[PDB]
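Source file my_file-v3.tsv; content: TSV, C-alpha atoms and all ligand atoms.
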```tsv
chain	number	residue	atom	x	y	z
J	1	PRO	CA	14.54	2.56	26.06
J	2	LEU	CA	11.53	4.99	26.14
J	3	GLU	CA	8.99	5.73	23.40
J	4	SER	CA	11.34	8.34	21.79
J	5	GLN	CA	13.69	6.38	19.50
J	6	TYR	CA	11.43	7.47	16.58
J	7	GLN	CA	10.81	10.88	14.95
J	8	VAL	CA	7.09	11.30	14.22
J	9	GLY	CA	5.77	12.87	11.02
J	10	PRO	CA	2.47	13.29	9.14
J	11	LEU	CA	-0.73	11.32	9.31
J	12	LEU	CA	-0.91	8.67	6.58
J	13	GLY	CA	-4.49	7.83	7.57
J	14	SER	CA	-7.07	7.08	10.29
J	15	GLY	CA	-10.38	5.31	10.83
J	16	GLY	CA	-11.71	2.01	12.19
J	17	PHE	CA	-8.26	0.35	12.38
J	18	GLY	CA	-6.90	3.37	14.38
J	19	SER	CA	-4.58	6.24	13.38
J	20	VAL	CA	-1.35	5.60	11.39
J	21	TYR	CA	1.60	8.08	11.29
J	22	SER	CA	4.81	8.56	9.34
J	23	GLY	CA	7.79	7.93	11.56
J	24	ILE	CA	11.51	7.56	11.02
J	25	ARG	CA	13.47	5.48	13.55
J	26	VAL	CA	16.27	7.83	14.77
J	27	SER	CA	18.43	4.86	15.78
J	28	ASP	CA	19.31	4.38	12.02
J	29	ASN	CA	17.07	6.66	9.90
J	30	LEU	CA	14.81	3.75	8.75
J	31	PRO	CA	11.30	4.59	7.47
J	32	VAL	CA	8.52	3.29	9.80
J	33	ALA	CA	4.73	3.52	10.22
J	34	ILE	CA	3.35	4.28	13.72
J	35	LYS	CA	-0.10	2.95	14.59
J	36	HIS	CA	-1.88	4.11	17.69
J	37	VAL	CA	-4.85	2.03	18.87
J	38	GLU	CA	-6.81	3.09	21.92
J	39	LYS	CA	-7.18	0.38	24.61
J	40	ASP	CA	-10.81	1.41	25.09
J	41	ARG	CA	-11.64	0.79	21.37
J	42	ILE	CA	-10.08	-2.76	21.15
J	43	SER	CA	-12.41	-5.81	21.18
J	44	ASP	CA	-10.29	-8.94	20.75
J	45	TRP	CA	-7.37	-9.54	23.16
J	46	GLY	CA	-4.83	-12.33	23.39
J	47	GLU	CA	-1.69	-12.98	25.41
J	48	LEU	CA	1.91	-12.91	24.13
J	49	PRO	CA	4.15	-16.01	24.27
J	50	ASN	CA	5.99	-14.43	27.30
J	51	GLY	CA	2.62	-14.23	29.09
J	52	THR	CA	1.31	-10.63	29.02
J	53	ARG	CA	-2.05	-9.12	27.99
J	54	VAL	CA	-1.91	-7.47	24.52
J	55	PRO	CA	-4.38	-6.82	21.65
J	56	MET	CA	-4.78	-9.77	19.32
J	57	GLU	CA	-3.36	-7.66	16.49
J	58	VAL	CA	0.03	-7.63	18.26
J	59	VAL	CA	0.02	-11.39	18.91
J	60	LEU	CA	-0.81	-12.09	15.27
J	61	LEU	CA	1.64	-9.58	13.87
J	62	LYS	CA	4.46	-11.10	15.96
J	63	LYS	CA	3.69	-14.63	14.76
J	64	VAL	CA	3.48	-13.52	11.14
J	65	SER	CA	6.59	-11.25	11.17
J	66	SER	CA	9.91	-13.16	11.46
J	67	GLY	CA	11.38	-13.66	8.02
J	68	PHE	CA	10.28	-12.02	4.81
J	69	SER	CA	7.53	-10.32	2.86
J	70	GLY	CA	3.89	-10.61	2.03
J	71	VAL	CA	3.24	-8.77	5.25
J	72	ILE	CA	4.20	-5.45	6.75
J	73	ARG	CA	6.36	-6.57	9.67
J	74	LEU	CA	6.08	-5.32	13.23
J	75	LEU	CA	9.48	-4.13	14.43
J	76	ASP	CA	8.51	-3.17	17.98
J	77	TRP	CA	5.60	-1.96	20.14
J	78	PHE	CA	4.92	0.06	23.33
J	79	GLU	CA	2.18	0.30	25.89
J	80	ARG	CA	0.86	3.67	26.98
J	81	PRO	CA	-1.76	4.46	29.64
J	82	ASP	CA	-4.71	4.29	27.14
J	83	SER	CA	-3.36	3.00	23.83
J	84	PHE	CA	-0.76	0.86	22.11
J	85	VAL	CA	1.84	2.19	19.72
J	86	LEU	CA	2.82	-0.30	17.03
J	87	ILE	CA	5.99	0.29	15.07
J	88	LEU	CA	5.72	-1.19	11.58
J	89	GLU	CA	7.81	-0.99	8.45
J	90	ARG	CA	7.13	1.73	5.90
J	91	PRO	CA	8.53	0.79	2.50
J	92	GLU	CA	8.21	3.47	-0.22
J	93	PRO	CA	6.80	4.91	-2.39
J	94	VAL	CA	3.43	3.24	-1.70
J	95	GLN	CA	-0.28	3.16	-2.59
J	96	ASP	CA	-3.05	0.82	-1.31
J	97	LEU	CA	-4.93	-1.18	-3.93
J	98	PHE	CA	-8.28	0.51	-3.22
J	99	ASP	CA	-6.76	3.93	-4.06
J	100	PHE	CA	-4.87	2.37	-7.02
J	101	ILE	CA	-7.98	0.82	-8.50
J	102	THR	CA	-10.00	3.98	-7.81
J	103	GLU	CA	-7.46	5.89	-9.94
J	104	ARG	CA	-7.06	3.43	-12.83
J	105	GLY	CA	-10.28	1.46	-12.77
J	106	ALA	CA	-10.12	-2.24	-13.56
J	107	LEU	CA	-6.67	-3.69	-14.17
J	108	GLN	CA	-5.37	-5.79	-17.02
J	109	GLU	CA	-5.18	-9.50	-16.31
J	110	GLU	CA	-1.39	-9.66	-16.52
J	111	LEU	CA	-1.26	-7.10	-13.69
J	112	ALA	CA	-4.12	-8.64	-11.68
J	113	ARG	CA	-2.24	-11.93	-11.83
J	114	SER	CA	1.00	-10.53	-10.41
J	115	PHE	CA	-0.99	-8.84	-7.67
J	116	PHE	CA	-3.30	-11.77	-6.95
J	117	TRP	CA	-0.41	-14.26	-6.88
J	118	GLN	CA	1.54	-12.08	-4.49
J	119	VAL	CA	-1.56	-11.79	-2.34
J	120	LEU	CA	-1.92	-15.53	-2.50
J	121	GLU	CA	1.62	-16.16	-1.23
J	122	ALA	CA	1.12	-13.73	1.66
J	123	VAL	CA	-2.00	-15.50	2.80
J	124	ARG	CA	-0.16	-18.78	2.67
J	125	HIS	CA	2.52	-17.30	4.91
J	126	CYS	CA	-0.12	-16.05	7.31
J	127	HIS	CA	-1.69	-19.56	7.54
J	128	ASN	CA	1.68	-21.19	8.12
J	129	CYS	CA	2.26	-18.97	11.15
J	130	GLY	CA	-1.16	-19.86	12.56
J	131	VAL	CA	-2.87	-16.62	11.64
J	132	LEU	CA	-6.03	-16.04	9.64
J	133	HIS	CA	-6.26	-12.44	8.41
J	134	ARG	CA	-10.11	-12.33	8.05
J	135	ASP	CA	-10.24	-8.89	6.37
J	136	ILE	CA	-8.44	-9.40	3.04
J	137	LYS	CA	-9.44	-6.70	0.56
J	138	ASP	CA	-8.04	-3.92	-1.64
J	139	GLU	CA	-7.77	-1.39	1.30
J	140	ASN	CA	-5.51	-3.74	3.29
J	141	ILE	CA	-2.99	-4.34	0.52
J	142	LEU	CA	-0.13	-1.91	0.01
J	143	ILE	CA	1.77	-1.73	-3.24
J	144	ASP	CA	5.46	-0.81	-3.07
J	145	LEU	CA	5.24	1.09	-6.36
J	146	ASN	CA	9.03	0.94	-6.92
J	147	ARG	CA	9.75	-2.75	-6.31
J	148	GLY	CA	6.32	-3.98	-7.51
J	149	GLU	CA	5.60	-5.74	-4.22
J	150	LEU	CA	2.36	-6.05	-2.31
J	151	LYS	CA	2.24	-6.29	1.46
J	152	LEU	CA	-0.62	-7.14	3.85
J	153	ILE	CA	-1.89	-4.81	6.60
J	154	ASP	CA	-4.49	-4.54	9.42
J	155	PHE	CA	-4.83	-7.73	11.50
J	156	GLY	CA	-7.18	-5.94	13.92
J	157	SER	CA	-9.92	-8.21	12.58
J	158	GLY	CA	-7.89	-11.46	12.47
J	159	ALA	CA	-7.70	-14.55	14.66
J	160	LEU	CA	-5.52	-17.55	15.41
J	161	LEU	CA	-5.95	-20.07	12.61
J	162	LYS	CA	-7.83	-23.22	13.64
J	163	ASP	CA	-9.48	-26.17	12.00
J	164	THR	CA	-12.78	-25.82	13.92
J	165	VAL	CA	-15.70	-23.55	13.00
J	166	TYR	CA	-15.61	-19.77	13.64
J	167	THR	CA	-18.77	-18.18	15.08
J	168	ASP	CA	-17.47	-14.66	15.17
J	169	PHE	CA	-16.58	-12.09	12.46
J	170	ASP	CA	-15.53	-8.45	12.53
J	171	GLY	CA	-14.06	-7.70	9.14
J	172	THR	CA	-15.73	-6.41	5.95
J	173	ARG	CA	-19.30	-7.70	5.37
J	174	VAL	CA	-19.27	-7.49	1.55
J	175	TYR	CA	-16.18	-9.79	1.51
J	176	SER	CA	-17.70	-12.19	4.06
J	177	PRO	CA	-18.92	-15.51	2.64
J	178	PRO	CA	-22.55	-16.66	2.26
J	179	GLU	CA	-22.27	-19.26	5.04
J	180	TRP	CA	-21.51	-16.41	7.51
J	181	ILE	CA	-24.43	-14.28	6.32
J	182	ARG	CA	-26.92	-17.18	6.76
J	183	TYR	CA	-25.80	-19.14	9.85
J	184	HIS	CA	-23.04	-17.03	11.45
J	185	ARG	CA	-20.56	-19.89	10.84
J	186	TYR	CA	-17.43	-20.40	8.70
J	187	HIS	CA	-14.10	-22.18	8.34
J	188	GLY	CA	-11.03	-19.95	7.93
J	189	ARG	CA	-9.50	-21.50	4.79
J	190	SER	CA	-12.88	-21.79	3.05
J	191	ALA	CA	-13.89	-18.21	3.96
J	192	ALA	CA	-10.46	-16.89	3.02
J	193	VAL	CA	-10.72	-18.19	-0.50
J	194	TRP	CA	-14.15	-16.53	-0.79
J	195	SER	CA	-12.72	-13.12	0.10
J	196	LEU	CA	-9.86	-13.81	-2.26
J	197	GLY	CA	-12.58	-14.50	-4.81
J	198	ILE	CA	-14.23	-11.13	-4.24
J	199	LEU	CA	-10.78	-9.54	-4.44
J	200	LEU	CA	-9.91	-11.11	-7.79
J	201	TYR	CA	-13.22	-9.88	-9.31
J	202	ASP	CA	-12.58	-6.49	-7.79
J	203	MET	CA	-9.21	-6.21	-9.53
J	204	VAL	CA	-10.30	-7.23	-13.01
J	205	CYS	CA	-13.75	-5.49	-12.93
J	206	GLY	CA	-12.75	-2.32	-11.03
J	207	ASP	CA	-15.23	-2.85	-8.21
J	208	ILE	CA	-16.68	-5.60	-5.95
J	209	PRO	CA	-19.31	-8.00	-7.38
J	210	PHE	CA	-21.65	-8.12	-4.38
J	211	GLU	CA	-23.01	-5.06	-2.58
J	212	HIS	CA	-26.03	-6.55	-0.70
J	213	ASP	CA	-26.54	-9.77	1.32
J	214	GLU	CA	-29.24	-10.83	-1.18
J	215	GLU	CA	-26.47	-10.94	-3.78
J	216	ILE	CA	-23.91	-12.83	-1.63
J	217	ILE	CA	-26.31	-15.65	-0.70
J	218	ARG	CA	-27.36	-16.02	-4.35
J	219	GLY	CA	-23.75	-16.32	-5.48
J	220	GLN	CA	-24.31	-15.53	-9.20
J	221	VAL	CA	-21.59	-13.32	-10.64
J	222	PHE	CA	-22.18	-10.78	-13.40
J	223	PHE	CA	-19.11	-9.44	-15.15
J	224	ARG	CA	-19.12	-5.79	-16.11
J	225	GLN	CA	-15.74	-5.72	-17.91
J	226	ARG	CA	-14.22	-7.81	-20.67
J	227	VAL	CA	-12.71	-10.69	-18.72
J	228	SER	CA	-11.11	-13.89	-20.07
J	229	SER	CA	-13.01	-17.16	-19.83
J	230	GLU	CA	-10.21	-18.55	-17.65
J	231	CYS	CA	-10.23	-15.64	-15.16
J	232	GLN	CA	-14.03	-15.87	-14.92
J	233	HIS	CA	-13.77	-19.62	-14.09
J	234	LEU	CA	-11.34	-19.05	-11.23
J	235	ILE	CA	-13.39	-16.19	-9.78
J	236	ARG	CA	-16.50	-18.40	-9.88
J	237	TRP	CA	-14.68	-21.34	-8.33
J	238	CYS	CA	-13.36	-19.18	-5.50
J	239	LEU	CA	-17.01	-18.11	-4.99
J	240	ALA	CA	-18.70	-21.51	-4.84
J	241	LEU	CA	-21.63	-21.16	-2.42
J	242	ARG	CA	-20.77	-24.53	-0.94
J	243	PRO	CA	-17.50	-23.93	1.00
J	244	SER	CA	-16.02	-27.40	0.18
J	245	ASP	CA	-16.52	-26.77	-3.56
J	246	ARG	CA	-14.07	-23.84	-3.27
J	247	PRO	CA	-10.44	-24.37	-4.18
J	248	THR	CA	-7.43	-24.87	-1.91
J	249	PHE	CA	-4.52	-22.42	-2.17
J	250	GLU	CA	-2.68	-25.05	-4.20
J	251	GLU	CA	-5.66	-25.42	-6.53
J	252	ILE	CA	-5.81	-21.66	-6.99
J	253	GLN	CA	-2.11	-21.41	-7.91
J	254	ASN	CA	-2.09	-24.38	-10.31
J	255	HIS	CA	-5.19	-22.98	-12.13
J	256	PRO	CA	-4.48	-22.30	-15.82
J	257	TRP	CA	-4.89	-18.52	-15.33
J	258	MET	CA	-2.05	-18.26	-12.74
J	259	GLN	CA	0.78	-19.60	-14.95
J	260	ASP	CA	3.72	-17.44	-16.06
J	261	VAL	CA	3.15	-14.74	-13.46
J	262	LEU	CA	5.42	-11.71	-13.64
J	263	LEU	CA	8.04	-11.22	-10.94
J	264	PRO	CA	7.72	-8.12	-8.70
J	265	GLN	CA	10.45	-6.12	-10.54
J	266	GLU	CA	9.09	-6.99	-14.03
J	267	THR	CA	5.60	-5.97	-12.81
J	268	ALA	CA	6.68	-2.44	-11.87
J	269	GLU	CA	8.70	-2.05	-15.06
J	270	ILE	CA	5.59	-2.69	-17.19
J	271	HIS	CA	2.54	-1.47	-15.20
J	272	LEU	CA	3.64	0.95	-12.45
J	273	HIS	CA	5.67	3.30	-14.79
J	274	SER	CA	8.59	2.29	-12.46
M	1	LIG	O1	1.91	0.00	7.48
M	1	LIG	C1	0.86	0.57	7.31
M	1	LIG	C2	0.82	1.69	6.37
M	1	LIG	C3	-0.33	2.37	6.19
M	1	LIG	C4	-0.43	3.45	5.20
M	1	LIG	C5	0.74	4.03	4.70
M	1	LIG	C6	0.68	5.02	3.72
M	1	LIG	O2	1.83	5.56	3.31
M	1	LIG	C7	-0.65	5.42	3.16
M	1	LIG	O3	-0.72	6.36	2.21
M	1	LIG	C8	-1.88	4.73	3.69
M	1	LIG	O4	-3.11	5.02	3.22
M	1	LIG	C9	-1.70	3.76	4.69
M	1	LIG	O5	-1.58	2.01	6.85
M	1	LIG	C10	-1.63	0.96	7.75
M	1	LIG	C11	-2.83	0.61	8.39
M	1	LIG	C12	-2.88	-0.44	9.31
M	1	LIG	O6	-4.05	-0.70	9.88
M	1	LIG	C13	-1.75	-1.20	9.63
M	1	LIG	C14	-0.51	-0.94	9.02
M	1	LIG	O7	0.54	-1.69	9.35
M	1	LIG	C15	-0.40	0.18	8.03
```

Would it be possible to restate this file's structure as structure tokens?
Amino acid sequence: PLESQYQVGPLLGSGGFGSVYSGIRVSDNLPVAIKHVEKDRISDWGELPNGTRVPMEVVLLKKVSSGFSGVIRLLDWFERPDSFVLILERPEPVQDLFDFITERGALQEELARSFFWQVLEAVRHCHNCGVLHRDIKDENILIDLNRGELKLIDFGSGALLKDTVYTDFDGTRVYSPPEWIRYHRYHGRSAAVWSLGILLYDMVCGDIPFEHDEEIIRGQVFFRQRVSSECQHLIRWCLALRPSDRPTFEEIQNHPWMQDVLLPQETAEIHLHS
């Protein structure tokens, strides 16, 4: 087989997650993203079904791929002396929500709803596979600008979903819930909704609501943009200080504000100039 069944191209990014490149599988000219991750820089490791030692990101990806959307799928992977190449899909054209928001500030609610709903369905998929993303935010959400579809990325901070309490966290602090900041404890589903909460605000206000820990723990939300009474209610519910006062995924999707969402294609036709 060998590593060379792909034709490497530019650098689409780099940072904490690793270093992502623009490849094109030679086998059938299909666009792909190539993520190198040094062995030495990995923290969390798991073991694949077949019984071999890989980074948790690979285990999670594998569980969450299989079937369609919501998530960038992992087509293949390789092990090198001091790293791990991950071959992932590269749909196009594409922009991550952080960049998108940075460019156009806060979004309209009709657009935030399409995006938030799509995000919601992708998190549901992740939980069904037994994966908890743990780092849901605007930087880890790609937007296929042509088809109007969002896809999840970067599981390097995730963990196997479980019903017991989590006493470890390595994602984004400002998206982490109050219960983590105060006792270093949290339950996946509860904590997920909280980050989803921060993300909804972020979309409709053009920036995150909490910057400091003193603001997370307090849990009072100030709105800087014109935002509908209904959208404010859902953001505040998703950010209930008490984890069990936060909504379920079902509750979030049956909320008045999430009715009559636009379909991916419609969404691009109206808001992405596509
Ligand atoms: O598939 C992509 C794709 C990109 C990507 C692609 C672009 O075309 C681009 O402009 C980016 O900023 C990121 O970034 C990442 C980061 C990760 O940590 C995991 C991933 O699977 C990906």

Could the residues of chain J that have an atom at most 8 Å from ligand LIG 1 (chain M) be listed as a Markdown table, each with its closest atom pair and the distance in Å to one decimal, counting only C-alpha atoms and all ligand atoms and ordered by chain and ascending residue number?
```
| residue | atom | partner | partner_atom | distance |
| --- | --- | --- | --- | --- |
| J:12 | CA | M:LIG1 | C7 | 4.7 |
| J:13 | CA | M:LIG1 | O4 | 5.4 |
| J:14 | CA | M:LIG1 | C11 | 8.0 |
| J:17 | CA | M:LIG1 | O6 | 5.0 |
| J:18 | CA | M:LIG1 | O6 | 6.7 |
| J:19 | CA | M:LIG1 | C11 | 7.7 |
| J:20 | CA | M:LIG1 | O5 | 5.8 |
| J:21 | CA | M:LIG1 | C5 | 7.8 |
| J:22 | CA | M:LIG1 | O2 | 7.4 |
| J:32 | CA | M:LIG1 | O1 | 7.7 |
| J:33 | CA | M:LIG1 | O1 | 5.3 |
| J:34 | CA | M:LIG1 | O1 | 7.7 |
| J:35 | CA | M:LIG1 | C13 | 6.7 |
| J:72 | CA | M:LIG1 | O7 | 5.9 |
| J:73 | CA | M:LIG1 | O7 | 7.6 |
| J:74 | CA | M:LIG1 | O7 | 7.7 |
| J:88 | CA | M:LIG1 | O7 | 5.7 |
| J:89 | CA | M:LIG1 | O1 | 6.1 |
| J:90 | CA | M:LIG1 | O1 | 5.7 |
| J:92 | CA | M:LIG1 | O2 | 7.6 |
| J:93 | CA | M:LIG1 | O2 | 7.6 |
| J:94 | CA | M:LIG1 | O2 | 5.7 |
| J:95 | CA | M:LIG1 | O3 | 5.8 |
| J:96 | CA | M:LIG1 | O4 | 6.2 |
| J:140 | CA | M:LIG1 | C11 | 7.2 |
| J:142 | CA | M:LIG1 | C2 | 7.4 |
| J:152 | CA | M:LIG1 | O7 | 7.8 |
| J:153 | CA | M:LIG1 | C13 | 4.7 |
| J:154 | CA | M:LIG1 | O6 | 3.9 |
| J:155 | CA | M:LIG1 | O6 | 7.3 |
| J:156 | CA | M:LIG1 | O6 | 7.3 |
```

Produce the centre coordinates and the three edge lengths, each in Å to one decimal, of the box along x, y and z that contains all listed atoms of region 46-56 of chain J with 6 Å added on each side, as JSON.
```
{"center_x": 0.6, "center_y": -11.4, "center_z": 24.2, "size_x": 22.8, "size_y": 21.2, "size_z": 21.8}
```

### Query
Near residue 98 (chain J), within 12 Å and counting only C-alpha atoms, which residues show up once chain neighbours fewer than 5 positions away are dropped, as a ChimeraX atom specification?
/J:103-107,136-143,199,202-203,206-208

Exercise. Tell me, as a count of residues only, which residues lie within 12 Å of region 226-233 of chain J, counting all atoms listed in the file; anything in the same chain fewer than 3 positions away does not count.
Key: 34

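Atom to atom, CA of residue 170 (chain J) and CA of residue 80 (chain J) stand 25.0 Å apart.
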
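Ranking J:217, J:71, J:160, J:37 by their shortest atom-to-atom distance to residue 119 (chain J), with all atoms listed in the file included, puts J:71 first.
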
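With all atoms listed in the file as the atoms that count, the minimum distance from residue 245 (chain J) to the choices J:191, J:42, J:263, J:270 is reached by J:191.
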
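If all atoms listed in the file are the atoms counted, then among J:176, J:118, J:267, J:102 the closest residue to residue 212 (chain J) is J:176.
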
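Interatomic distance, CA of residue 117 (chain J) to CA of residue 149 (chain J): 10.8 Å.
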